[PDB]
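Same chain, two versions here, written out as structure tokens and called structure 1 and structure 2.
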Structure 1
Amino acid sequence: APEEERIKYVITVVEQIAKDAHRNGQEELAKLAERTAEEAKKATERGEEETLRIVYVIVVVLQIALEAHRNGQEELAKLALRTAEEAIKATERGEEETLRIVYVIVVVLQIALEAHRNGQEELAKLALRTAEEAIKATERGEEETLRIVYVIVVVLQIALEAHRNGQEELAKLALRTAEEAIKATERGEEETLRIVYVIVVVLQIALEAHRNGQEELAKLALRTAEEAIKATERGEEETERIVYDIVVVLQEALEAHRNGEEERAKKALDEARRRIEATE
């Protein structure tokens, strides 16, 4: 399993740095390596669970399209097919986004492995703390995607219940809400891909500069990628605030639909749609 061998090598290298730091006496490097190696384990475990929920979402959206076609409602089946296609495009973008983030971590840890092996302990500590911030930022993106997945799953359940209850207006309005949530996630993936590629370029500068002996250039480039990751985290914190404001609206739509007040549930999903379109 190539998806399993690359992760094992990443964790093995960092754990090897922690053992070498302890025998040499650098506990700051040891505690930084041990914590970074653990953050990678949690990012891998959280990534595996994130992949399963996304597959589950795609099955549900496709399941609705096949069911709505058999029940006669064709306009809802086309809307679910359009929603499913964008969910697939969103997942494929996340795959390339994940593939570039993994390369980010590998390059940084390669800098840390070479810096610690060549004696530059201050450069090795700088690389490991940048690697940890990159993993922490990735975990914050994984948790945020899971929050987005929950928004989609709740909306998909409303559309299925409304479809089986003959409430096509609420079913179409829900799928449209789930549709915009996927479009908003796509636009966030596009802007993130532009940032991650920019960070890859800067990290390749530090790796080559260290191998060629430009230590001052290597530290400044590695330092530049650190604040780029930190600046990206601060911007993502604001996006998390809006999503929580959307989840509260979906809970109002859930409670209005289960209690029969369908007019309040439609107004709630409509207000949530305007907020989603404004996010990105």
Structure 2
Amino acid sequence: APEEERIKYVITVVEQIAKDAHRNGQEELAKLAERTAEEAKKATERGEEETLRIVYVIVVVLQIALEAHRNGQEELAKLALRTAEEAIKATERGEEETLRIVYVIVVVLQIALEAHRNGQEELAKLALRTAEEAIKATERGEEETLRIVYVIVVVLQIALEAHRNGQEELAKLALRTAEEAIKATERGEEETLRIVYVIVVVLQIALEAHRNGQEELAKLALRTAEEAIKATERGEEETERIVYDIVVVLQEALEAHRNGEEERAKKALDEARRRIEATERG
């Protein structure tokens, strides 16, 4: 219910801007709003698929904990519970991240509404496409999280299959690799959280400055927030290349495990761990 209200709140504002633009014969601003509303709907749908896959991660790791304690390997059960706790904390951190990104969209859409109502059409255009860029960046991050979460599932399934086949050292190693991937995801979230907070502060300058008639300050603060968003996109595009390099090493581990080559799978999972531990500043 509370997150349902936030989605409807954002869409209501941008569709309102499209209505006011259409009534005033500003079709290019209305088209920008309608296109922004379309992206906000796509970004909400993509985040809901993200929630379902995260549920699968938590179920699999907790299933590992239950079987490991029952089957006798206690050190594997403790590792699965510790990995589950980190997946939960990483998920809670992502919920704070989505909520702060929503506040980013709300503040920049408020700038757009007040600028358009006060005659600053160019400032309204800039605020509207900045809002669109933040939504584009968010869904781009959601797609990459969907890939990371799917990879974590495959690794957790290697751990569970390895334990069921009596390969405890491979189970511990595969579980360890998923844990580090989850810990690296949490480090990326905390870095995004620090960036999002800073973007909020900057957007709050533009809103307050515009209300105070400090137009040059408002434009510069809004442009700063726009370039901050673009700069974080360029960093996320580098992250996708880094993740791709890791996924081909883990792909080598999955084929080796399916061929009964558990030793070859260990060497591939160790290389993935070294790479994963190096990502996001360790």
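For clarity, a rigid core is taken as the largest C-alpha set superposing within 1.5 Å between two forms. Here, a residue number simply tells you its place in the sequence of structure 1, counted from 1.
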Legend entry - Which one of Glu240, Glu233, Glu28, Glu255, by Cα shift of 2 Å or more between structure 1 and structure 2, core superposed: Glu28
Inset, instruction - Take the rigid core as the frame of reference and indicate whether the C-alpha of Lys19 shifts by 2 Å or more between structure 1 and structure 2. - result: yes
Legend entry - Once the two forms are fitted on their core, CA shift of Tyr9 between structure 1 and structure 2 in Å: 2.3
Inset, instruction - Once both forms sit on the same core, give the Cα displacement of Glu121 between structure 1 and structure 2 in angstrom. - result: 0.9
Inset, instruction - Quick one: how many Å does the C-alpha of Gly213 shift between structure 1 and structure 2 once the rigid core is superposed? - result: 1.5
